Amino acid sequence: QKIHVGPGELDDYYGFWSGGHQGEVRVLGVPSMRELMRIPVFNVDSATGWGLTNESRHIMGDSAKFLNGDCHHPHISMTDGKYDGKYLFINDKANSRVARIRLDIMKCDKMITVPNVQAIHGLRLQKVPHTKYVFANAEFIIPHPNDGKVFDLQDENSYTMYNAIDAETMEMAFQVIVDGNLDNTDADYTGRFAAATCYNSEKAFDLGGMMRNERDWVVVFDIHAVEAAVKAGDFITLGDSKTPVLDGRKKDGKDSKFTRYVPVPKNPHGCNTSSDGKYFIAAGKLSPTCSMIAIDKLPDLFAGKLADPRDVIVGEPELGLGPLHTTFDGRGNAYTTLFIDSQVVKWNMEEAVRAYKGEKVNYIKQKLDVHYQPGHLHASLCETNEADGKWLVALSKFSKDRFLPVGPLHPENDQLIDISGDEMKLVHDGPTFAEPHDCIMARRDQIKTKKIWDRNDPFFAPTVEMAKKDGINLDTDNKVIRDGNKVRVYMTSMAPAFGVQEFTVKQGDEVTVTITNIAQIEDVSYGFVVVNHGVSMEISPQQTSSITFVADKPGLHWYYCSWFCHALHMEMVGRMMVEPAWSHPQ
């Protein structure tokens, strides 16, 4: 298995890394582990203008007021349990958002603030028959309504909710109230069942209380029952949201139609579907085990053919101190991170199941040391029924002495491990910034990217619509439109000349600059910067971009093209002239 990608060689896999609390998505080549691209999502990106431009702020909605995000879990849309390469979804824990990235243009094209919740943490996609739903955990219990009259998490109206988002429209589909709280989640290989771990079955707010119970649980959702209740109109709404809300709590011991609670020790964390579709595997964290939920026993559990919810557990292997996450090679082994022991442990799921039935046997195959304190791990295609068992990335939280010193803040250490053989082999230490939690890999042929924009692309269609009201054809017009104290500049661009090289406004005017890059070549991107106005954006081939700012300073102000595009790059410039307020009315 080639480990090094020489000059002129291409990587075999795409890797999509979460940005952690830096808020972006990063695109890596695997196995070289080099960063090919950054995709801004919840961060403000100076280079492309994401969070400054009118297109990006329209996608972010009211949340464009936040300059931060915290993402953990990137996942790729699937058709029949295999990646189809259309979309990447990722969570925002800091401002309770889910974002969709369009993998053909590698940009965030949709974003939603999940109503009536705080902190979207766990996120995963339906696998079968395709990704109809994005499943998203809200982590923290809050009052409903949260109007400041009740603060107690033990009140009957204090709770958190499981969230399903329509992948294609990126509108809420439903929400399910649960007991306890929600950590990570996964889905089965039929479309019926999803599952989430809970660590706060105590509904406490202090550390001691959140650890009291010997077992919390994984809550299992019967999505068919949920949809059936929705189509039946048997749901409520909260506040101003029209999202159907269903009640998944126990009510005096009796289970909801929508949920079952499997007792699992202890403050469990990871929740991973095996690539063969047999198991939900929950990482015990404070318990030195994983718990294996048999998905094929779930219909019986929901029909009361089982006497005890624990009867869906068919294994609970002892793996080591602080199991956090599990991934799969597709050969019948699971790999689990041990945060405290700082290892990855390879174990055989079928043997662990036999040992739970008393058949004494050694299901642990190998323990590999990692550096240090691993969180997530990801084996190539592990989330599909094409799990290929080639590469394994383990994302550790303390790199200590593994890289040159760079001050008090250290990088993370994302370590690439060869699992194609019987023995795991550590091959590469990859330092990353801001704590990626999780990543996801796709084969090179599973991702198809556009090199030039289509002119009808929904990303800037609202801008095309604005132009039409001014009688503007964006493909050819270089025009300055005036409307009271607003000025709308429309221009084409072809290196090294802006189509409007100068224009004049009154001090205080609100200026929108719309630029259409009418180039038809690849890698031919232009920029636009207005000096000393905090204005910056990218316009790639056939794209239209626009940015709005206030001409608050009298005098002559230069604008320039930022993206090196030509041998005459530092000469693709223009001038905005701002007439002083004292020479105009008022």
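In case it trips you up, residue 1 is the first one in the sequence shown, and so on.
Look at the C-alpha B-factors of 90-98 and of 354-362. On average they run higher in 354-362. In this entry, 205-213 shows the higher mean Cα temperature factor of the pair 431-439 and 205-213. Of the candidates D80, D483, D109, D183, it is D80 whose Cα B-factor is highest according to the PDB record. The PDB entry assigns its highest CA temperature factor, among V573, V578, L568, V25, to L568. For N333, the recorded CA temperature factor ranks within the highest third of the chain's modelled residues. Residue-level temperature factors show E139 in the lowest third of its chain, judged at the C-alpha atom.
Placement of the Cα temperature factor of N163 within the chain: lowest third of the modelled residues, per the deposited record. The entry lists a Cα temperature factor for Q373 that places it in the lowest third of the chain's modelled residues. Residue-level temperature factors show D45 in the lowest third of its chain, judged at the C-alpha atom.
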